[PDB]
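The structure under discussion appears below in the form of structure tokens.
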Amino acid sequence: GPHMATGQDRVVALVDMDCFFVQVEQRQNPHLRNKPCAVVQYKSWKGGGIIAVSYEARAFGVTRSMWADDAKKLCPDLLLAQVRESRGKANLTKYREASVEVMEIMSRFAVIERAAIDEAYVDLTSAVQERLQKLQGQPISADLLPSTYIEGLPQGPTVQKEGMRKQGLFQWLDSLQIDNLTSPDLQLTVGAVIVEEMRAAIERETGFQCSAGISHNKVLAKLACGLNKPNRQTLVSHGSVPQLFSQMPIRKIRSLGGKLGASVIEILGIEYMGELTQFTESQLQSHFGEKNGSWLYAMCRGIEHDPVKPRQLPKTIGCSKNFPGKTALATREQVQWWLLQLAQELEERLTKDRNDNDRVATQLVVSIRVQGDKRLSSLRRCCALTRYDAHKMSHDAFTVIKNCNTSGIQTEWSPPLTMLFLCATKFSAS
DNA sequence: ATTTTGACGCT
DNA sequence: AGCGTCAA
Ligand SMILES: Nc1ncnc2c1ncn2[C@H]1C[C@H](O)[C@@H](COP(=O)(O)OP(=O)(O)OP(=O)(O)O)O1
Ligand SMILES: [Ca+2]
Ligand SMILES: [Mg+2]
């Protein structure tokens, strides 16, 4: 009752760019705008692997992970843009730079946590308080929320999409108490007004559209964001949680899409997030551990305390290349040449990072996979990163992996290498 | 033969 | 530290 926390103490948003790499390529090449199109890396093997797909192309069934040759079978007029290739490998620089454009705009509104190349969480609690003080008891107009959905509404006693959206928004705004500056629902609504402004700024200043979720924590904001993609935002209130979770597959909640989620389903014999409420906290801890159990117990009630971390920049800078099938590296010269290629890209990115962000990486992580090994990585070894020099970094990586070559003949490498990975970590201010 | 990334947890 | 999980 009066002491049961309800996890309504924050306003958190999650902004996720729509079909991001596709929009970057469509901004650059207007011929691709409003077309079924996809972004592909490489081309020789089955037309290249698709990594991003416009919504027009998704209507034909085109998906990520599909080979372009296969996507063309579903969508013969599919347009394709290829990822840049530099030093023999795919180079994602254009998308990292576009990401910086968006992150820098979002940071004008609030502290952000960069969650991925095209997603950031926003802690809007303070901005909401300020905006509520400015508003001075003034009601919030539907015109301030032109792309907002209120999850769960309309309800109770038009057949078009926008009509339903407006009916739900009208019900929501009709039922708010605007004089109570401590109302969580009012706080979320002001949050959504701010997110409309943030999304408009992103689109105005970059050309890119995005979706967003607004709720009281990161997990619900993320879930909310996906409910009405693309180019829309969704408010998930605390009160919407029981109905929303009553038919929500467990795997849809962030962190439960893999083995742990499968084990929750198997061990407990349930399917939906809401079914978790019938277990005690101790029961969940007994099956899934102290941390996961407490997290599950609160999360299924819509409560999560994970903070929006103040971090706009990635914590690592990495370069990776697979060598599948017959391309596996089988000679010392091959391994050294590709380590150099990776190291040269890493050097270029690190030097730019040091100039832009006043920091230096101090550790180099080298990871490889050997042909035959079932694990993704066969070996992961660190060494010191003391100079931004590609030849030195490639030599040091070779030094830390050379003992993996079983072959008695020095010129041959066995078992052949199917993956090389260099990652700069442990940044210090400079 | 999706590939190329990142973050964080465990021991 | 090195390995594993989960997510763009
Ligand atoms: N598995 C992957 N491998 C390589 N790149 C990926 C992968 N998944 C996503 N990306 C890249 C391309 C995407 O445009 C970008 C953002 O990913 P993601 O948010 O999951 O999808 P998306 O932005 O393309 O579409 P949308 O968010 O509208 O559903 O990251
Ligand atoms: Ca996205
Ligand atoms: Mg994303």
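In the text below, chain A, chain B and the rest are named by the order of the sequence lines, each starting its count at 1.
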### Query
What string of B, S and - do you get for nucleotides 6-11 of chain B, 5' to 3', when a contact is any protein heavy atom under 4.0 Å?
SSSS--

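Note: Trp45(A) and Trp67(A) have perpendicular aromatic rings, judged against thresholds of 30 and 60 degrees for the angle between ring planes.
Out of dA1(B), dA8(C), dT4(B), the shortest distance to the side chain of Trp45(A) is found at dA1(B). Proximity note for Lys222(A) (side chain, C-beta onward) versus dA7(C), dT4(B), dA1(B): the nearest is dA7(C).
Within 4.0 Å (heavy atoms only), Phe20(A) reaches no atom of the nucleic acid at all. Backbone-only engagement by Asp118(A) is indicated by non-hydrogen atom pairs under 4.0 Å involving sugar-phosphate atoms exclusively. Within the 4.0 angstrom heavy-atom criterion, only backbone atoms of the sugar-phosphate kind lie near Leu256(A); the bases stay farther away. Residue-level contact check: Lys46(A) touches neither bases nor backbone, having no heavy atom under 4.0 Å from any strand.
The separation of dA1(B) from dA8(C), taken at their P atoms, amounts to 26 Å, rounded to a whole angstrom.
Put simply, CG on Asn405(A) and OG on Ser414(A) are 5.0 Å apart, with the number rounded to the nearest 0.5 Å. Considering CZ of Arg369(A) and OG of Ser320(A), their distance stands at 11.5 Å, rounded to 0.5 Å.
The closest donor-acceptor contact from the side chain of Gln41(A) to the backbone of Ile51(A) lies at 3.5 Å or more, if one exists at all.
The distance between the ring centers of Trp295(A) and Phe288(A) does not fall below 6.0 angstrom. When ring centroids are compared, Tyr272(A) and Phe245(A) stay outside the 6.0 Å threshold.
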